[PDB]
Colleague: 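Pasting a structure here, questions to come.
Just so you know, ligand 1 is whichever comes first in the structure, and atom 1 is the first atom listed for that ligand. Numbers restart at 1 for each chain; the letters A, B, ... are given by sequence-line order, proteins then strands.
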Amino acid sequence: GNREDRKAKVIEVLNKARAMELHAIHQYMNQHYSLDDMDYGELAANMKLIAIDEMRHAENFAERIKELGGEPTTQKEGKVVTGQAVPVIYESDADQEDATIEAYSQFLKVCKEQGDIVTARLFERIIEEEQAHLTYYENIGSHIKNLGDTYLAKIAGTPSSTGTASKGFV
Amino acid sequence: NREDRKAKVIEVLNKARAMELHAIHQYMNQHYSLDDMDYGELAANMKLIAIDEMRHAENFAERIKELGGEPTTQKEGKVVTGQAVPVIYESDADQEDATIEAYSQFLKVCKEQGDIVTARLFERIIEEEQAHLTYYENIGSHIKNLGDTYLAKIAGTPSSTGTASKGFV
Amino acid sequence: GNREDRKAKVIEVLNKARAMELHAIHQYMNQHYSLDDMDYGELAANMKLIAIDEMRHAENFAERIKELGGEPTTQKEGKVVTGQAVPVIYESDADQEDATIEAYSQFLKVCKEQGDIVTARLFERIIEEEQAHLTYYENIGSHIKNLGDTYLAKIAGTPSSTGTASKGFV
Amino acid sequence: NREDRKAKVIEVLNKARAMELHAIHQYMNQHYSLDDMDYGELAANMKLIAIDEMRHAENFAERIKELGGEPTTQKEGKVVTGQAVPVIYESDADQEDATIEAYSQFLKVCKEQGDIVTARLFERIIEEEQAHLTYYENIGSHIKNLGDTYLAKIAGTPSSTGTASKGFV
Amino acid sequence: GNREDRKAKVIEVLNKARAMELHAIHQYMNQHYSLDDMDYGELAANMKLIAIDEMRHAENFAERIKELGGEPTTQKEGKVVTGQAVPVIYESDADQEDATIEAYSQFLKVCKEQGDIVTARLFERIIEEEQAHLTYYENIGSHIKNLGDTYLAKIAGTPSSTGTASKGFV
Amino acid sequence: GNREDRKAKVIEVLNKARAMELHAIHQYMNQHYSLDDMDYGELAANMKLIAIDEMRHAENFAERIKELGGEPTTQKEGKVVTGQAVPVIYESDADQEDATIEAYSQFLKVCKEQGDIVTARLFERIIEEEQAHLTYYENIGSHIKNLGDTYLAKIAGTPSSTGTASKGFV
Amino acid sequence: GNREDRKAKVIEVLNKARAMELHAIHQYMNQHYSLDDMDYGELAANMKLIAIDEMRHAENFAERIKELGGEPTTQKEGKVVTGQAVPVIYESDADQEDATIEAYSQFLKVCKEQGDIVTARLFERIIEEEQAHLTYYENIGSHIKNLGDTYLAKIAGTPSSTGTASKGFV
Ligand code: FEC
Ligand code: FEC
Ligand code: FEC
Ligand SMILES: [Fe+3]
Ligand SMILES: [Fe+3]
Ligand SMILES: [Fe+3]
Ligand SMILES: [Fe+3]
Ligand SMILES: [Fe+3]
Ligand SMILES: [Fe+3]
Ligand SMILES: [Fe+3]
Ligand SMILES: [Fe+3]
Ligand SMILES: [Fe+3]
Ligand SMILES: [Fe+3]
Ligand SMILES: [Fe+3]
Ligand SMILES: [Fe+3]
Ligand SMILES: [Fe+3]
Ligand SMILES: [Fe+3]
């Protein structure tokens, strides 16, 4: 394809990827609010830390989309599921991360076909981080499924701090 | 009734939260534009303001959980894209002023529902919004009065907002 | 015997011992990969640490074999059992350490018969370390057998780090 | 589809892992020889390279577990003992070269099966095999070309690879 | 093809790449001398810093060529244009970096086609650094276009230092 | 062409089809023996019942080939894959059914082209049965994907009977 | 021999027997298609009923193979002869049945030598069914040789039903 058609096709999967990230951000932070309300601090904190990874992903995708002359989407892909119990949170997030890695592998392929090496390397790096999320969610989900109350009693009342407050303007 | 009182506060909390999610997306979209335009200091403060809005969304969600409600996941209204630099600051000042007006009405509902904790939350966040409003009005005025002289000063400045934020990986 | 005959009889028990160490390294690391996969950090780390003790044993035995003019074997003795469940890991590992100490104590006798004091001291030292492994495996097996999942639930999600990344060439 | 692709990756991962298991025993065997000869610098680097191959074996095993398979416990090929110094470095350079050629094909399978994580694993390890290859080529050339003054420099040098590794006792 | 033919084809793209780097070095340093003469310090400094990036690229390409048994070229590809006015400097440099990323992306495919993974990775990393250069040059060119002398008045008289004098023999 | 030419062209695709059914019988029964061995009764039973469907297809094809005066083949098309795990069983069986329907749709077009209405109807009815098979395999593969061990646990120990022992001679 | 050796030798003659059954299913069903085409119903019916007995034999051999940890063959033993005339069908099936019985009697011996009582009784029960097959084929063969068309005149146009359509998936 010509130069502008190669960018357009790459901007298209980047925006699909970014919409997935926007969904994950709202989805994982929703679960974080429940986990915190439930006073399972270690889980709440790690959920928030993974949501911040997705925020970074959404930001990196947008930055690349700008580099290529496109408009970064503001709409999330799909609907957020609320009110999930603990076992369902981890079941669903594992599936979600597994779906993301499959989709991004496909997007990576489109970048390689459009001769866009910089964008493909971006997906490569972010897919490796999605793998660390997936592994995390699969491990928690297994402990809940297999060990029940003794596992959660260990998490009950743990600290939920994710560190010093975010840099902001005020 | 107690339940009555909680439901009405949760409602204005979710309305406010929906406005914060809009602001996060709106402000980050402008940040992507300013960064792309290489107006680093402007891009950086826009993103820092967006992060304050993220904190507001989170504080609202946390209080909604304390009241037994469900924090909304949907933003209020639509994000405007492709705004020129003067439009960014003019419309953001407009939005901040509208947010303060709305939250001030939400606060009064909290007071009427006898919810002191939630009213204090609105009060603290309204003071942050005022800081945001003053910022946007100041930049708009510099762009108004000085034009390209002011742009020329921001052109090529650092865009860093500091250390990359805490993540899982 | 004569000198060469004495050395040859000692190189033979050293190579039998070394072959037992080569097996333990593969067996314990196989179980390590499983325990890690199950996300029992503390158990996974200690299994790997014991496998590293077995690596050192294999090396020490090889160095003595060279000192004696022999050739260090490269073949493991016996077959590695894969897919063992957690209680089965600890019961078979304790059995194996116990058998190891019995065999090394007979190898040690050979060294003494052949008037090889340095090699006998090497076996005595290593036998003491096998005892440490044995006691470790017996205790874990006992807690699993007596307390089951209430105990395992406390290992779940614990750190698995064995320390700083391995010195290597690259 | 998913399940066939996964199966094909586990197969090349175990083939690579079986090659690492071979490399570990082969290089440590040569290490014992170099040490017995009292060529300390050569002995130390041989063991250090063997520890990289251990790390490789381990990383392959971890990824195989991640994909649901069983890491192999058998080495690929026979280990050669009694090799003299020149043969050690000729043969090791040839092994590393074949390893790189085999892993480049394994990498291609991974790309073909859409496994990005496993493909990047092979990419990082191949870069380390290239460092091993260069090292053995260089040593082979000094041994071939610079004779006894080069061995006398190595004679009696330290063979230590650091502190004794983290163990259980 | 066979081992030899695969190496020769990769050495060929490596030397075409190196020749482009040698041209960039002379081209950007020529512009550096003009900018420094004009006393546009920050512009002169970053131009020399980018040239030093191209110097590192040429060296890395040469090292790989040696590794593959080839001879690193010493000839630059193309002619250096001299006496460029400031707008032409940033417009032509952006076009140049664009053309380099396109070319290198074709060279990368050859590497993969020749099954040369180490060399493909070299090209991938350098392409990311060319993308940083491209972004810089587009940004300066855009400020000159949008603000003109108002922007340069800001650069006039700034420090031109690239740091401490570079390591050498004397 | 002529009458015997038209029969010969039809007998040809009918034996290709028959060779595909013979393959399907051995392949699905192979999987049935695995599933039975695994004690996944309901899965084992339905796999055998689809295999009996394929036997009826093989028979119907043979009967038609005889009506057109040909000789029904006794050799299956392709190799039978053994040792398949459960996720692989359903994934490949779906692909296989999908390919059958594709193939039979082309065979049916030859029948219409050779003016053979009776055989075209035969292909039409069997393709509708293959679609039932395809839908079934897609459904199980979905449950195995999305629900994993929770779905297998429900199947574990279920009855494997396909009904009364088949009519035989003894 | 040891436990695994005994199982492997029994698995080997079980797979041999299974390969013979797979041959017998194809061979006899080929003859069935001929007998039905000729409109000799009772002959066609009984031939199919015997092939179904061989289907159940092949199934029982494979289930026992799975019990002993083996893999049931998917390959038939020998060539299937197609296009056979009626006098040739019955003479060949009788010779085939008598050879099967001689062969299974030897396989039975192996089982006894390998201490496999359950497998020996399986062969024993199937050999008694093969004997019923043999007698049937010998009797029809004799009527066709001794009475010819007078006997077949009785079979012409008889029902060929082997009962109700066997249960399947659709
Ligand atoms: C809370 C909360 C929400 C609201 C979600 C909800 O559903 O309530 C929330 C929402 C979002 C959303 C959308 C986006 C995506 C913006 C876009 O691309 O349009 C989004 C994007 C970002 N967030 Fe975000 N957030 N957010 C934090 C908390 C929340 N955040 C905390 C804490 C940190 C702290 C980071 C740190 O300290 O390093 C933080 C930082 C960032 C960065 C900064 C990245 C960097 O420089 O490394 C980016 C970009
Ligand atoms: C000695 C010796 C042998 C015997 C081989 C022979 O043929 O004689 C020996 C053999 C093996 C074999 C197999 C494996 C493969 C295990 C597997 O994947 O199943 C095998 C595996 C590992 N080794 Fe190993 N060894 N080994 C050391 C010495 C020896 N090692 C020393 C020393 C250290 C240094 C520890 C450190 O500093 O990290 C060390 C570290 C490791 C690590 C840890 C890497 C890490 O955490 O970064 C792993 C895994
Ligand atoms: C078991 C087994 C095998 C061996 C496969 C293996 O790899 O182990 C096996 C193999 C085959 C093979 C080939 C064919 C194809 C023969 C040909 O057309 O040449 C083949 C053909 C048929 N089978 Fe078959 N079988 N088979 C059963 C079990 C097995 N069968 C059971 C049970 C029933 C039960 C009958 C019922 O109730 O419908 C049954 C019925 C039939 C019918 C009868 C259909 C009808 O009249 O409705 C035909 C035709
Ligand atoms: Fe993400
Ligand atoms: Fe993720
Ligand atoms: Fe706000
Ligand atoms: Fe605000
Ligand atoms: Fe030991
Ligand atoms: Fe031990
Ligand atoms: Fe390696
Ligand atoms: Fe290597
Ligand atoms: Fe360059
Ligand atoms: Fe460049
Ligand atoms: Fe069919
Ligand atoms: Fe079918
Ligand atoms: Fe039979
Ligand atoms: Fe029979």
Side-chain angles (χ1 to χ4, degrees), chain A residues 20-21 23-25 27-28 50-51 53-54 56-57 93-94 96-101 104 126-127 129-134 136-137, chain B residues 168-169, chain F residues 17-18 20-33 48-63 65 72-76 80 96-97 100-101 104 126-127 129-130 132-133 162-168, chain G residues 18 21-33 45 48-49 51-63 65 72-76 80 82 160-170:
Chain A
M20 296 174 62
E21 296 296 336
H23 175 274
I25 292 158
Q27 179 65 269
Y28 298 160
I50 294 173
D53 290 348
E54 318 295 31
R56 185 173 67 249
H57 292 172
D93 289 358
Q96 187 167 326
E97 296 283 353
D98 180 86
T100 290
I101 293 160
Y104 288 4
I126 291 175
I127 281 160
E129 305 185 349
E130 306 306 359
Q131 178 59 243
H133 301 166
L134 170 59
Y136 170 81
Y137 288 137
Chain B
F168 176 83
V169 297
Chain F
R18 194 172 134 76
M20 290 171 59
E21 301 292 344
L22 290 176
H23 173 264
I25 297 161
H26 293 82
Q27 179 73 81
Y28 299 156
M29 286 304 286
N30 188 75
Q31 296 164 166
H32 164 78
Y33 300 128
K48 174 176 174 170
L49 294 176
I50 290 181
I52 288 160
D53 282 355
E54 314 297 28
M55 301 168 202
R56 193 180 61 240
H57 295 167
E59 177 174 42
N60 290 152
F61 285 139
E63 291 167 337
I65 291 167
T73 185
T74 61
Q75 13 144 230
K76 56 205 183 267
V80 178
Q96 177 175 307
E97 292 281 340
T100 295
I101 290 159
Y104 290 2
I126 290 181
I127 293 167
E129 300 189 1
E130 312 297 13
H133 295 171
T162 48
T164 71
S166 235
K167 62 225 210 156
Chain G
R18 188 178 144 73
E21 300 287 346
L22 294 169
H23 171 272
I25 296 154
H26 292 83
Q27 181 63 267
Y28 294 157
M29 281 307 294
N30 180 263
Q31 298 164 342
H32 163 79
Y33 303 126
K48 174 171 185 186
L49 287 177
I52 295 173
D53 288 351
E54 318 296 25
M55 293 169 205
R56 165 178 78 247
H57 294 167
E59 180 178 36
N60 275 97
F61 287 136
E63 299 170 321
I65 288 155
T73 187
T74 70
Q75 48 242 9
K76 54 193 180 257
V80 174
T82 68
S160 55
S161 180
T162 55
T164 171
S166 262
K167 59 236 121 109
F169 184 84
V170 304

Colleague: Kindly give the atom name of the N, O or S atom of A:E130 closest to the Fe ion (ligand 5).
Modeller: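 This residue's closest N, O or S atom turns out to be OE1.
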Colleague: Quick check: closest heavy atoms across G:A58 and F:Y33, and the distance to 0.1 Å?
Modeller: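 Taking G:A58 first and F:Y33 second, the nearest heavy atoms are O-OH, 4.2 Å.
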Colleague: For the atom pair CD1 (F:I101) and CD1 (F:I126), what is the distance rounded to the nearest 0.5 Å?
Modeller: 12.0 Å
Colleague: How far does CD of F:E63 sit from CD of F:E59, to the nearest 0.5 angstrom?
Modeller: 4.5 Å
Colleague: Numbering the atoms of ligand 3 from 1, which are under 4.0 Å from a heavy atom of F:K167?
Modeller: 46 (O)
Colleague: Heavy-atom distances under 4.0 Å are what count here, so tell me which part of G:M29 touches ligand 3: side chain, backbone, both or neither.
Modeller: side chain
Colleague: Is it the case that the side chain of A:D53 and the backbone of B:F168 share a donor-acceptor pair, with hydrogens and angles ignored and the cut-off at 3.5 Å?
Modeller: yes
Colleague: Is there a donor-acceptor contact under 3.5 Å linking the side chains of A:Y137 and A:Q96?
Modeller: no
Colleague: Quick check on G:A165 - does any of its heavy atoms sit under 4.0 Å from an atom of ligand 3?
Modeller: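 Yes, G:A165 has heavy atoms under 4.0 Å from ligand 3.
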Colleague: Would you mind listing which atoms of ligand 3 come within a distance below 4.0 Å of any non-hydrogen atom of G:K48?
Modeller: 43 (C), 44 (C), 45 (C), 46 (O)
Colleague: To check you understand the geometry: which heavy-atom pair defines the closest contact between A:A51 and A:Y28, and what is its length?
Modeller: CB-CB, 4.0 Å
Colleague: To the nearest 0.5 Å, what is the distance between CD on F:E129 and CG on F:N60?
Modeller: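 Going from CD on F:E129 over to CG on F:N60, the span is 8.0 Å.
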Colleague: Can you tell me if F:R56 contacts ligand 3 (heavy atom of the residue under 4.0 Å from the ligand)?
Modeller: no
Colleague: Please compare G:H57, F:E21, F:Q27, F:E59 and report which has the shortest non-hydrogen distance to atom 44 (C) of ligand 3.
Modeller: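 Nearest option to atom 44 (C) of ligand 3, by heavy atoms: F:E59.
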Colleague: Counting backbone and side chain alike, does A:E54 bring an N/O/S atom below 2.8 Å of the Fe ion (ligand 5)?
Modeller: yes
Colleague: Is the Fe ion (ligand 14) less than 2.8 Å from an N/O/S atom of F:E129, whether that atom is in the backbone or a side chain?
Modeller: no
Colleague: Of all residues at least two apart in sequence or in a different chain, which pass the side-chain hydrogen bond (donor to acceptor under 3.5 Å, both in side chains) check with A:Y136?
Modeller: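 Not a single residue meets the side-chain hydrogen bond (donor to acceptor under 3.5 Å, both in side chains) criterion with A:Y136.
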Colleague: Just how far is it from atom CD1 of F:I25 to atom CZ of F:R56, taken to the nearest 0.5 Å?
Modeller: 11.0 Å
Colleague: Closer than 4.0 Å to some heavy atom of F:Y33 - which atoms of ligand 3 meet that?
Modeller: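 Answer, ordered by atom number: 1 (C), 6 (C), 8 (O).
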Colleague: In a check of side-chain contact (heavy atoms from CB on, under 4.5 Å) between G:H26 and each of G:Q31, G:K76, G:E54, G:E21, which one passes?
Modeller: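 The option that passes is G:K76.
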Colleague: The criterion is side-chain hydrogen bond (donor to acceptor under 3.5 Å, both in side chains); which residues satisfy it with F:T73, sequence neighbours excluded?
Modeller: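 With sequence neighbours excluded, F:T73 shows a side-chain hydrogen bond (donor to acceptor under 3.5 Å, both in side chains) to no residue whatsoever.
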Colleague: Who pairs with G:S166 by side-chain hydrogen bond (donor to acceptor under 3.5 Å, both in side chains), at least two apart in sequence or on another chain?
Modeller: F:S166
Colleague: Just by modelled atom types, is the F:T164 backbone N or O under 3.5 Å from a matching donor or acceptor in the G:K167 side chain?
Modeller: yes
Colleague: Which residue from F:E54, G:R18, G:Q75 reaches closest to atom 6 (C) of ligand 3 through any of its heavy atoms?
Modeller: G:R18
Colleague: When you measure from the Fe ion (ligand 5) to the N, O or S atoms of A:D53, does any of those distances fall below 2.8 Å?
Modeller: no
Colleague: State the atom name: nearest N, O or S atom of A:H133 to the Fe ion (ligand 5).
Modeller: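 When I compare the N, O and S atoms of A:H133, ND1 is nearest to the Fe ion (ligand 5).
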Colleague: Listing by chain and number, which protein N, O or S atoms are under 2.8 Å from atom 24 (Fe) of ligand 3?
Modeller: F:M55 SD, G:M55 SD
Colleague: What atom name does the N, O or S atom of F:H57 nearest to the Fe ion (ligand 14) carry?
Modeller: ND1
Colleague: I need the minimum non-hydrogen distance between G:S160 and G:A45, along with the two atoms involved.
Modeller: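 Looking at all heavy atoms of both residues, the closest pair is O-CB, 3.5 Å.
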Colleague: Can you tell me which residue and heavy atom of the protein come closest to atom 15 (C) of ligand 3, and the distance to 0.1 Å?
Modeller: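 It is F:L22 CD2, 3.9 Å.
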Colleague: Restricting to N/O/S atoms, is A:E97 within less than 2.8 Å of the Fe ion (ligand 5) or not?
Modeller: yes
